Amino acid sequence: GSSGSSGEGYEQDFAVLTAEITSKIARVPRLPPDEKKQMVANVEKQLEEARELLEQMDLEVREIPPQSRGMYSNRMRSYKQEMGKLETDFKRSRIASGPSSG
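Be aware that the sequence shown starts at 1, since it is given in PDB author numbering, and climbs by one per residue.
See below:
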């Protein structure tokens, strides 16, 4: 026998997600109608998947002490900002019907 798994962390994951997402979001307007359709959906998942994070992270940072909360807070604000934006830039990318200059 030889199996197991134990890895903690949220920001990291999320960060990766948001990133991987943002990128894909920037690719949405640069993807075909064959990969876009799915992509526009693939982001919908990675998004919601990160949505819960902000919830868990916030639902956690709460219990966190004022001696550790450090950074987490300054970040919490950042994430949210981005996250919410991701929900926008995402739709502002799938609304691209080609090159769409401007």
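All C-beta atoms in this analysis are idealised placements derived from N, C-alpha and C, irrespective of residue type, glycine included.
DSSP places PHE14 inside the alpha helix (DSSP H), whose first and last residues are 11-27. Collapsing the DSSP output to three states places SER2 in coil.
In the three-state reduction of the DSSP assignment, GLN81 falls in the helix class. Note on geometry: alpha-carbon atoms of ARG69 and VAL61 lie some 6 angstroms from one another.
Around the beta carbon of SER3, fewer than 16 other beta carbons sit within 10 angstroms, so the residue counts as exposed.
Remark: fewer than three beta-carbon pairs, one from each stretch, lie closer than 8 angstroms, so the segment 25-43 and the segment 70-78 are not flagged as touching.
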